[PDB]
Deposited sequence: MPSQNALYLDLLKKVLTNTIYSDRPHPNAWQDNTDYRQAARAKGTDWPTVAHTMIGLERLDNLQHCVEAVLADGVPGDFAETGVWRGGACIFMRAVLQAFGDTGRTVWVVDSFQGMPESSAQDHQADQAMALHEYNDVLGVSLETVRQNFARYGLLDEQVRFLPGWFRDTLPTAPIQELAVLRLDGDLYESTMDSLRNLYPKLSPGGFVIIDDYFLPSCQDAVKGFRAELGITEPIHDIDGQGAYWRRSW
């Protein structure tokens, strides 16, 4: 049961500034994110959503929007970065989604992630340009990812991102198969 499809379709057009830019991830990667979120809602995987490396906040805005479209009032979207914080907050306000289901964690990943007030995740999304940001994010938040939760890495097929993600998976003995999105990003679903 796919609620408010027209709304999310239009929002993806708007976030990518194709109407006449709040995200640069493009439509295919927004599509991916939509399917992943609609899956954890439909399948009842518990947990919040979190993005580390958020740019103008678009992907997090969209995640909040899918919660809106499906009438889920319980889950939180965690917007995690070093920031322009007020600018991001105002981007949420523009779509009318700056509310209690959106939480901000500003700071160096070094300091914030270790102690993050997050208990469990259904979705974990990373814009993994850099080794240390990627490792800080995965090491601290993957353990919070519920069974059936998704991990999405936006820059996966960058060789250096790929090496870092592979190293992390080896460390923890993660073998859930990786899936390509668009030749740039990738994701996998934590086994049940």
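- In sequence order, the gaps in C-alpha coverage of the deposited chain fall at 1, 22-50, 114-141.
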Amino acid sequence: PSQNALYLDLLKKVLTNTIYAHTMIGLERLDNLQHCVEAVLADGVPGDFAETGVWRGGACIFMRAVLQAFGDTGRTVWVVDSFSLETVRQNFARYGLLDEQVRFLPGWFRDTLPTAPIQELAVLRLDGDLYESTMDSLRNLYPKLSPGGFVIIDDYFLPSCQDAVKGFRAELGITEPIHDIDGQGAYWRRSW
From here on, numbers count along this sequence of modelled residues.
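- Taking the mean C-alpha B-factor of each stretch as recorded, 69-77 and 105-113 are not equal, and the higher mean is that of 105-113.
- Mean C-alpha B-factor is higher over 125-133 than over the other stretch, the pair under comparison being 125-133 and 149-157.
- For residue 171, the recorded CA B-factor ranks within the highest third of the chain. Only modelled residues enter the ranking.
- In the PDB entry, residue 191 places in the middle third of its chain by CA B-factor.
- Looking at the C-alpha B-factors along this chain, the one for residue 19 belongs to the highest third.
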